[PDB]
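This report refers to the structure that appears directly beneath it.
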Amino acid sequence: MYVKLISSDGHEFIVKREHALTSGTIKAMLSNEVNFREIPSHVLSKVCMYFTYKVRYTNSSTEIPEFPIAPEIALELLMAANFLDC
Amino acid sequence: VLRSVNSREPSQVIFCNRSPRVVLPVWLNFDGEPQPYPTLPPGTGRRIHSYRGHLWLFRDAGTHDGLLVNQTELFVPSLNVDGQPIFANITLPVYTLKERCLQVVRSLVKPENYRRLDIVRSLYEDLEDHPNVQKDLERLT
Amino acid sequence: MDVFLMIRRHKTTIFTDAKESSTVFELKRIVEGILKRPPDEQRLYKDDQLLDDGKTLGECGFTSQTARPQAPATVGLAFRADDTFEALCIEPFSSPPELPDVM
Ligand SMILES: CC(=O)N1C[C@H](O)C[C@H]1C(=O)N1C[C@H](O)C[C@H]1C(=O)NCc1ccc(-c2scnc2C)cc1
């Protein structure tokens, strides 16, 4: 079961519903497409990658790699994470 | 309140750094004061002599970001069985994306300039609210 | 072994995982469930290379250590509108702005 997350520039990211529910803000916007007028695709792609990362490595003994964030996207990604509470 | 128990019973431990960070081990001494110990580069290990009931935690030596040891905050050496050392697997937590974003922004912007950043006031507070051992010790208590 | 992928066409991006041992055709079944187009109306790509239905994702270079959760590999997707297939077109993501002075 999937949901669609739409970036400010029209990119449609399709992710598992349980992954998107990681964000309390997205849960509330769903309770199944969400438009984000302030989050451009280069930020929302990363957000979706964090869901995959979090779900894969939460409660796991296998060594955990660093979640990578280019300096260029860090400020915008911070603002998005604050908004999405994740 | 949070302090090492003065048991005097030796306990050997392997500090194993399976994180990509430089690791600062911190022993909480008998009056609850944090004592910093020598650092471990990424992927390295040290066999060290501690004691049963002593308290340890582990941080990033540069930033003081929190790290996990055997999947939790605190490590307490236990009884050695068959003369085998106790393993202390030091790993990265799964940080929240926000806390991770804050780390990276802290690493690029000098604390003088946090206010120049074009962001809401509460994020400037979040940036200045550095990971700090004293703050975490209060929480755990 | 799980591999983590972004399946991409135009401004559409699907995040999902599959087994290294799973086939290209099986990935089209996954796409079918999500976008409602059958395998015979889909072409899948690694970079510019068309993928054959019977090959495993592993054989086609999607391995657990390159197609990671935090940095998934990209699989290109093209649809057949009626008689003939469209060309592979993946819209790039937006450009980040200049680093502020302080950064
Ligand atoms: C009486 C007692 O227990 N003491 C008095 C010392 O001031 C501190 C403490 C003590 O001996 N401790 C506290 C901890 O339980 C560990 C133990 C200790 O200091 N062992 C020596 C030691 C030296 C270096 C290191 C480390 S940590 C990273 N690299 C190294 C070499 C670990 C332990």
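The analysis underlying the following values was restricted to heavy atoms, covering all of them including side chains, and did not include hydrogens, waters or symmetry mates. Order of listing sets the numbers, starting from 1, for every ligand and every atom in it. Each chain gets a letter, A, B and so on, in the order its sequence line appears, and its residues count up from 1.
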For atom 26 (C) of ligand 1, what's the nearest protein heavy-atom neighbour? Residue, atom name and distance, please. B/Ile48 CG2, 3.7 Å

the protein heavy atom lying closest to atom 25 (C) of ligand 1 turns out to be B/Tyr37 CD2, 3.7 Å

Looking only at protein heavy atoms, which one is nearest to atom 7 (O) of ligand 1, and what is the separation? B/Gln35 OE1, 4.6 Å

For A/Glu18, give me all partners under side-chain hydrogen bond (donor to acceptor under 3.5 Å, both in side chains), at least two apart in sequence or on another chain. none

Determine the interplanar angle of the A/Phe13 and C/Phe93 rings, folded into 0 to 90°, and report it as parallel if under 30°, tilted if 30 to 60°, perpendicular if over 60°. tilted

Inter-residue atom distance C/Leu51.CG - C/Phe25.CZ, 0.5 Å rounding: 14.0 Å

Pairs where residues 20-40 of chain B contributes a residue and the test salt bridge (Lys or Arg N to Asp or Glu O under 4.0 Å) is met, not counting sequence neighbours: A/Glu66-B/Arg21, B/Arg21-B/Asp60, B/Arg21-B/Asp65

Is there a polar contact, in the sense of an N or O pair closer than 3.5 Å, between B/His49 and ligand 1? yes

Are B/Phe75 and B/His54 close enough that their ring centers fall under 6.0 Å? no

Could you check whether C/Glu32 pairs with C/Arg29 (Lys NZ or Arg NE/NH1/NH2 to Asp/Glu carboxylate O, under 4.0 Å)? yes

Nitrogen or oxygen of B/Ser50 less than 3.5 angstrom from that of ligand 1: yes

Closest non-hydrogen protein atom to atom 1 (C) of ligand 1, residue and atom name please, with distance? B/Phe30 CE1, 4.6 Å

At under 4.0 Å between heavy atoms, which part of B/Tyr51 makes contact with ligand 1: side chain, backbone, both or neither? both

For atom 9 (C) of ligand 1, closest protein heavy-atom neighbour: B/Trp27 CH2, 3.8 Å

Just need the protein heavy atom nearest to atom 28 (C) of ligand 1, so name the residue and atom and give the distance. B/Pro38 O, 3.2 Å

